[PDB]
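Take a look at this single chain, the form deposited in one PDB entry, given in structure tokens.
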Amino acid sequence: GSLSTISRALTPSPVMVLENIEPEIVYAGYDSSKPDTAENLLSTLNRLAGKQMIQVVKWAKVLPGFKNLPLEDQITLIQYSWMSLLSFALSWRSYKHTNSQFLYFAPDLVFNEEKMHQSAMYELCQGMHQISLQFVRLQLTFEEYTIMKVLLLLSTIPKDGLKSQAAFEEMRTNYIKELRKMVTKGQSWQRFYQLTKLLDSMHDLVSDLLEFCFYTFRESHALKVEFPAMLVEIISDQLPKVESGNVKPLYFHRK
């Protein structure tokens, strides 16, 4: 049941709320009895991504501030950041559970180098792994991770803007302020800078991952790669928007 009377009386901070609303563990439903072909591994990754995206929507709904954005913008933001959010969480799990030795997609799906090759994504996996290694270098904290994940949700917008741009900017700025406050709680700027540089670098990796995903999607029949309905909707809609130059990454330390 609800314990809202106690929860409200505890007056949780936004960071406490972020910890509270973190999605629980999602299993890939990996079947180790089936061949580790690219078609099977990518289909499994896509199934996992679809399941994670269901949880992303649930999470976003209870994210402080997100309710202030119109429905169209809520959808746009979830759609435009899907790969970023999942990739960032992937590096987090990899860091937390394996000290960034492996790619921890799920408890039942942990990639070593062999799986990276088998998935047809070796080089892109290595790019992902670089983020995981940055988490070790920085000793990223969970608090930092949770705020950064919100910033990723708020990192990619239409070139011509959102329906309610000012409301979006207010929310994004509020989370930037949360990050600043968190890093400060003699190298505060340095930390803020490193974390925000890392956020910027997510755009570099994610745009590659999306191009690859779009290619796989276009070739999905030939490659025998399955996509769940959630991803079909996301990808089919975003694909021409990205390709026409209408998707705008937001950067801290670039134009």
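In case it trips you up, residue 1 is the first one in the sequence shown, and so on.
Keep in mind the form solved in complex with a partner chain is missing from the figure; the text below concerns it.
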message: Within 4.5 Å, heavy atoms only, one stretch in 101-109, 74-82, 117-125, 88-96 touches the partner chain in the deposited complex. Which?
response: 74-82
- prompt: If you check in the deposited complex, do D31, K34 and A222 all have a non-hydrogen atom within 4.5 Å of the partner chain?
  reply: no
- request: Consider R218 of the chain shown here, and say whether it contacts the partner chain in the deposited complex, taking contact as heavy atoms within 4.5 Å.
  value: no
message: My question is simply whether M230 lines the interface with the partner chain in the deposited complex - judged by any non-hydrogen atom within 4.5 Å.
response: yes
query: Is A38 a contact residue for the partner chain in the deposited complex, using a 4.5 Å heavy atom cut-off?
result: no
